[PDB]
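J.: Handing you a structure now.
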Amino acid sequence: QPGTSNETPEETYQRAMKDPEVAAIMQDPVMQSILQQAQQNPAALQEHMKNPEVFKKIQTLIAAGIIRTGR
């Protein structure tokens, strides 16, 4: 049921798509590189979050529910 949606990641993407900050960041290849590095080492993404430019980028998609960073 769309009303009780929650297991539909696709819905989250659309919402984030409406946010101008999300569109701009998703179009940036920097985030793709961070994810890959994280696979090679967990500390890779950590230093990225600390970085001011990447910090804003990473956080934007998280709040938008586009990326899961929980554990």
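Please note that chains go A, B, ... in the order of the structure tokens, that every chain numbers its residues from 1, and that ligands are numbered from 1 in the order shown.
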For residue 47 of chain A, list every protein, DNA or RNA residue within 10 Å, evaluated using only C-alpha atoms, and leave out those in the same chain fewer than 6 positions away; present the list as an MDAnalysis selection string.
T.: chainID A and resid 34 54:55
J.: Limited to N, CA, C and O atoms, could you put the picked residues into a file as a PDB file, in the first residue's frame?
T.:
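Okay, this is what ended up in again.pdb:
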```pdb
ATOM      1  N   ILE A  34      33.753   7.512  -2.786  1.00  0.00           N
ATOM      2  CA  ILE A  34      33.761   7.282  -1.341  1.00  0.00           C
ATOM      3  C   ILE A  34      33.219   5.895  -1.014  1.00  0.00           C
ATOM      4  O   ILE A  34      33.819   5.151  -0.245  1.00  0.00           O
ATOM      5  N   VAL A  54      32.901  17.159   1.211  1.00  0.00           N
ATOM      6  CA  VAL A  54      32.238  15.871   1.194  1.00  0.00           C
ATOM      7  C   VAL A  54      31.233  15.789   2.337  1.00  0.00           C
ATOM      8  O   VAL A  54      30.195  15.156   2.208  1.00  0.00           O
ATOM      9  N   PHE A  55      31.536  16.440   3.456  1.00  0.00           N
ATOM     10  CA  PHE A  55      30.634  16.416   4.608  1.00  0.00           C
ATOM     11  C   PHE A  55      29.226  16.850   4.203  1.00  0.00           C
ATOM     12  O   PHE A  55      28.252  16.153   4.483  1.00  0.00           O
TER      13      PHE A  55
END
```
J.: Given the choices A:40, A:66, A:57, A:33, which gets closest to residue 16 of chain A if the distance is worked out from only C-alpha atoms?
T.: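 For residue 16 of chain A, the nearest of the candidates is A:66.
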J.: How would you write, as a count of residues only, the set of residues in chain A that DSSP gives as helix (DSSP H, G or I)?
T.: 49
J.: Which value, in Å to one decimal, gives the distance between atom CA of residue 39 of chain A and atom CA of residue 8 of chain A?
T.: 24.6 Å
J.: I want to know what sits within 12 Å of residue 45 of chain A, based on only C-alpha atoms, with residues of the same chain fewer than 2 positions away left out; could you give that as number ranges by chain?
T.: A: 30-43, 47-51, 54-55, 58-59, 69
J.: One decimal, Å: what's the distance from atom CA of residue 64 of chain A over to atom CA of residue 52 of chain A, could you say?
T.: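 Distance reported for this atom pair: 18.6 Å.
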J.: When you look at residue 63 of chain A with a cut-off of 12 Å (counting only C-alpha atoms), what residues show up, excluding the ones that are within fewer than 6 positions of it in the same chain? I need them as a PyMOL selection string.
T.: chain A and resi 12-13+15-16+19+21-22+56-57+69
